[PDB]
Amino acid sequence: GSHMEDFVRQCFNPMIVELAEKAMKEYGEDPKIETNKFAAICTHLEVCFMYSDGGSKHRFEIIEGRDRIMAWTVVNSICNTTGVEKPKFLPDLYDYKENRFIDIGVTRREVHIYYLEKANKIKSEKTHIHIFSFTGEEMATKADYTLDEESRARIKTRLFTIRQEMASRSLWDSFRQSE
């Protein structure tokens, strides 16, 4: 029973906690043990949901937070109706306005380090990348940040509040030094 586990459960809403638990268990991982992983998945999930709420109604299809099979099923339907190339790895959203998949990343390092890593691995030229840090920095493919500044600002604010909350509980150092 870790302090980080209890922090996560009282920092994120239950819908996000529940989805993060399912995601970890789907790959045989325990939120009770891999607690920094637990906190990172919850954080990333909330960012994805705030991101999808930033556009017009029906702008984004949400891929994240789904079962592996249903996630690829929705990706298949999108590709087979828009003609967009199927990505090698699961993205997080699809943008019906810009007609591209989005892989969101949240990093405790400098944004550009994590971007380079995700690009190289993704190997999907068309999949748009959007990285947020816990320091208010962001980095997006082709300097195209998709959303307007106000919707990105509230994401960056939330991420910094999570950071302060961990720090006030002496959990931030372990969280940063575990990525």
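Position 1 is the first residue in the sequence shown; the rest follow in order.
Here 114-122 and 135-143 are compared by their mean Cα B-factor, and 114-122 comes out higher. The deposited model assigns a higher average Cα B-factor to 26-34 than to the other stretch when 26-34 and 61-69 are compared. Among all modelled residues in this chain, the alpha-carbon of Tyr96 has a temperature factor (C-alpha) in the middle third. Remark: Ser56 belongs to the highest third of its chain, ranked by C-alpha B-factor as recorded. Annotation for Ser151: CA B-factor lies in the middle third of the chain's modelled residues. Among the modelled residues of its chain, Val84 has a C-alpha B-factor that falls in the highest third, as given in the PDB entry.
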